[PDB]
Ligand SMILES: Cc1cc2nc3c(=O)[nH]c(=O)nc-3n(C[C@H](O)[C@H](O)[C@H](O)COP(=O)(O)OP(=O)(O)OC[C@H]3O[C@@H](n4cnc5c(N)ncnc54)[C@H](O)[C@@H]3O)c2cc1C
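Residue numbers (the numbering used here): 1 to 291.
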């Protein structure tokens, strides 16, 4: 049922870049690009929450061909134009200290020109799939590029064109995105996210943790864990619903604080969060993808 590995590293799909647009507005930190690829000519299909591999050109420091890097799909199964012909990624340029270094695949992607051919593999992953049940509740805890699978979910749920194309999925549950980025300009897809909340105030809640513009009660910069702590009781109450799914995505590091906050909330009703969570993971309702 779920498509997987229609293309593999030994014989990847050669797609063409259609467009490559900036998601970080002026005054933001770093570079994050929305890149859309043409899938026509092959049979690459995918669903929300999956990933694809991109094989960058060139060789590594040892002269070995570069290997694929995985990127979370940022478009629904239908693509951004709802035509079933494309796929999009949300790619941050990796750059860092000394160990000024630019990540190989991410720099290649963020600077890639439309018309360029790209080696694509996948799709892969069954850990971040959205439930078919339209009355499910969906909690989304994302930082930076972790917004990507969340975009696939929220677009499928809330875009007019998606609703028209998906007769079998008219979402009527409640979705809540807690999104941590350093600055307002760094809020990826800000305009569309807020548009979704204005149109579906009863079905979508949007919460930001903006570290350079907000302080937590302890006076430190505001991070996603802080927002989870702030709304821990509410989040725990939603999670107790048999139909609630929680999704965590972004660079590793946020899970510890999220657990600590949810643990304190659950403890109030005599529940051991770490145990409850184990059962949620077994049931396929606690979805994590960090990197
Ligand atoms: C399931 C999954 C989903 C992903 N989704 C996304 C996504 O949606 N968007 C996205 O941008 N990326 C995503 N990634 C990460 C992506 O796959 C690449 O790992 C990332 O883009 C960097 O790859 P690169 O080739 O550009 O860097 P590389 O040239 O491969 O360099 C990576 C290496 O740099 C070193 N390094 C990294 N950070 C530091 C640091 N700060 N200080 C010192 N050394 C460091 C480490 O050795 C690391 O192994 C995802 C990864 C996985 C596994």
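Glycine residues also receive a C-beta, built at the ideal position from the N, C-alpha and C atoms.
- Between the stretch 247-262 and the stretch 134-147, the count of C-beta pairs closer than 8 Å reaches three or more; the two stretches touch.
- The Cβ-Cβ distance between residue 224 and residue 288 does not fall below 8 Å.
- Residue pairing by DSSP puts residue 72 in a beta bridge opposite 51.
- In the displayed model, residue 255 falls within a helix according to three-state DSSP.
- Under DSSP, residue 78 shares a beta bridge with no residue.
- Secondary structure at residue 149: helix, using DSSP grouped into helix, strand and coil.
- For the options 95, 25 and 8, the alpha carbon positioned closest to that of residue 68 is the one of 8.
- Excluding the 5 residues flanking it on each side, residue 56 has same chain C-beta neighbours closer than 6 Å at 66, 104, 105 and 108, in chain order.
- Here residue 47 is actually not in contact with residue 36; their C-beta atoms are around 17 Å apart, not less than 8 Å.
- Sequence-distant Cβ neighbours of residue 124 in its own chain, meaning closer than 8 Å and more than five residues away, are 4, 5, 50, 51, 52, 53 and 70.
- When DSSP states are grouped into helix, strand and coil, residue 157 belongs to the helix group.
- In the three-state reduction of the DSSP assignment, residue 139 falls in the strand class, which pools E and B.
- Annotation for residue 118 indicates a beta carbon at 7 Å or more from all heavy atoms of ligand 1.
- With three or more CB-CB distances shorter than 8 Å, the stretch 226-235 counts as touching the stretch 207-218.
- The straight-line gap separating the alpha-carbon atoms of residue 64 and residue 10 is approximately 15 Å.
- Rounded to whole angstroms, the gap between the alpha carbons of residue 88 and residue 203 is 25 Å.
- The Cβ atoms of residue 91 and residue 143 do not sit closer than 8 Å to each other.
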